[PDB]
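So the sequence shown is numbered by the working numbering: it starts at 240 and just counts up by one.
Ideal Cβ placement from N, Cα and C applies to all residues, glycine included.
As structure tokens, the structure follows; a few thoughts come after it.
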Amino acid sequence: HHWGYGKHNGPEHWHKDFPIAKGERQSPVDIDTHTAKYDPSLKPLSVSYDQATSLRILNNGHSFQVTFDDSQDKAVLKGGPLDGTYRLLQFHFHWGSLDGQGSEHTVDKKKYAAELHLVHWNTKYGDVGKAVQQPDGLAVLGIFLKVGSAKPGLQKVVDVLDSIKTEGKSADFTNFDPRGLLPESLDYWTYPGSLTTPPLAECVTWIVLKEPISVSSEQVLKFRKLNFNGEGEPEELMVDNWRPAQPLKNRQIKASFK
Ligand SMILES: O=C1NS(=O)(=O)c2cc(-n3cc(CO[C@@H]4O[C@H](CO)[C@@H](O)[C@H](O)[C@H]4O)nn3)ccc21
Ligand SMILES: [Zn+2]
């Protein structure tokens, strides 16, 4: 009885194995745009992805992820609300069964069709395992996806999904440039939160971009043909792998823009 997103092992059950699920800085949250506070002391984000080295793409049974070489300062995030340098480790997506759901964060209760998470870890802690134990260990860049025109920089990902259909499958995925996934603007909201999957550690500075990227209906359709199950088991489509919004409690959401 592992955790997942079904009726019997979904987000409402996770607290039994991970009691921090009911903690004080859980993610995702609804971003109320009229109560977020513009903070002029926030710096522009600095995204330096020019030397990124992607390694593999993997279906982990919960989402699919692209992993990067994080052994040096190749692809780093700095600035914004962050102190220090955060290395890119992986990206993955959360998506829905229908176009009106799929994101984890919401904006004035609006849900997007998917959400992209670029996960980075604070190099002062030496390895990612140490970083997850610290309140400033991780920085996740979140990007909303809406259905519209195709995103050409996503197509290399879509085209390899057939080869990682079921849980446990991986493939070589080199020379992918994550800059092709970013919107035009880097305006953002930020707040202190958590991982959105077990173990739900409260170690994340969230940086959620205001501007969504557009992807085509055919691109999102390919996400929805992945499988939660391993090869040989009964087919269960990988859809609706998102955690609902959690209480904000004693936290302020700050905006880099007004
Ligand atoms: O679905 C999710 N959305 S999210 O909140 O952006 C997120 C983050 C993670 N993170 C996982 C990790 C650590 O991953 C591995 O963990 C071990 C120790 O955990 C290392 O020893 C290993 O080498 C490291 O590669 N850091 N973030 C996983 C899933 C989601
Ligand atoms: Zn995620």
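Which first and last residues belong to the alpha helix (DSSP H) in which residue i is found?
i	result
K461	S456 to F462
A370	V367 to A370
Under three-state DSSP, which class holds residue i?
i	result
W360	strand
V268	coil
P451	coil
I403	helix
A291	coil
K317	strand
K255	helix
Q329	strand
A275	coil
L420	helix
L487	coil
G469	strand
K349	strand
Between residue i and residue j, which are expected to be in contact by the criterion C-beta below 8 Å, what is the C-beta distance as a whole number of angstroms?
i	j	result
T405	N480	With a Cβ gap of about 15 Å, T405 and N480 do not count as contacting.
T444	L321	6 Å
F496	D426	4 Å
Given a threshold of 16 other Cβ atoms within 10 Å of its Cβ, counted over all protein chains shown, does residue i qualify as buried or as exposed?
i	result
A410	exposed
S310	exposed
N361	buried
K350	buried
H331	buried
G368	exposed
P451	buried
State the beta-bridge partners of residue i as determined by DSSP.
i	result
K385	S453
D338	Looking at the DSSP assignment, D338 forms no beta bridge with any residue, so it has no partner.
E354	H333 and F383
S285	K317
Ends of the beta strand (DSSP E) at residue i?
i	result
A440	It is not in any beta strand (DSSP E) - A440 carries neither H nor E in the DSSP assignment.
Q304	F303 to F307
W428	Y427 to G432
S409	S409 to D411
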